[PDB]
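Form deposited in one PDB entry, single chain, as structure tokens, below.
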């Protein structure tokens, strides 16, 4: 019955981050029929509310919290269709759908620890790999829909994924039996969360500015899309094996194989500006995807390893809360160096440094 929960969490993570990762198409259509920050608000509200979501999880159960969050997300994403004013779309999709996604997603991570302890890394790896499949499908589905239906009906169609998520979150049967600062009482969690938050600043910069760099520098190449394939080809792969490998390494030594990611996640991050040809860029992006998958997958299992399963909910929620600010901050800062220095090179260097600082911080946790 654990794989039923794995399927439910896969649907959750995939739908939430496939609707968010495809936010450009719907709003491009809306312009065709200020606008930038509502998507950032929706994406960051998943992280900001996580400390709040942890308390509701601890009190009401993962099933109840996830079901309520998915219901709120469905309500927001559905009423976003009937809204004709942009101001109402800062609420219905911005804060309402955003908070719904946070309340739906934090229990999605927490529930996997109720069932798997020995193969928890494998379960999270499968969830992340399957979720990447959803994340690389929604961009297409909306572009099929737009050619036949308007944007409002597009929100209505996207709402049934939240409806199905609300139905599926009923499977979070709890086996294991309000501002608790007791999680911060552990120094290892503090240092680990600090390092993760530091790395998150430079984490999202490549997936935002890599396309712009390629279309600006490598103008002779028209088939740039293969790069997004390469990450998609490797990241999900990196999400699978790492999870399995996450089970082979016992205890806090697991953090080392996350540190190993960060350094490479940093190093390749400074290798895009150094690539004079295209094949080198593809090779670098392969390792970038692999390190992305490693960074994504190990996050939850290490929380259970450090703080246990009675406290993993608060640890995950607070970790996402601290992660919230750097993830939003990164790409805007990279755009600032882009505008100032005249190239993305300095942007990628400042994107690659924070992963290295995070690796240095995390190296001393074990």
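Numbering follows the first chain given and starts at 1. Under this definition, the rigid core comprises the largest set of C-alpha atoms superposing within 1.5 Å between the forms.
One more form of this protein exists, namely the form deposited in another entry; it is left out here, but the text below deals with it.
Note: rigid core superposed between the shown form and the other one; among 146, 273, 94, 130, the CA shift is 2 Å or more only at 146.
Relative to the superposed rigid core, residue 353 undergoes a CA displacement smaller than 2 Å between the shown form and the other one. For residue 48, a C-alpha deviation below 2 angstroms is recorded between the shown form and the other one after rigid-core alignment. A movement of the C-alpha atom of residue 318 falling short of 2 angstroms is seen between the shown form and the other one when the two forms are aligned on their rigid core. In that other deposited form, the separation between the C-alpha atoms of residue 11 and residue 147 shrinks by 3 Å or more relative to the displayed form. The pair residue 72 and residue 145 is at least 3 angstroms farther apart at the CA level in that other deposited form than in the present model.
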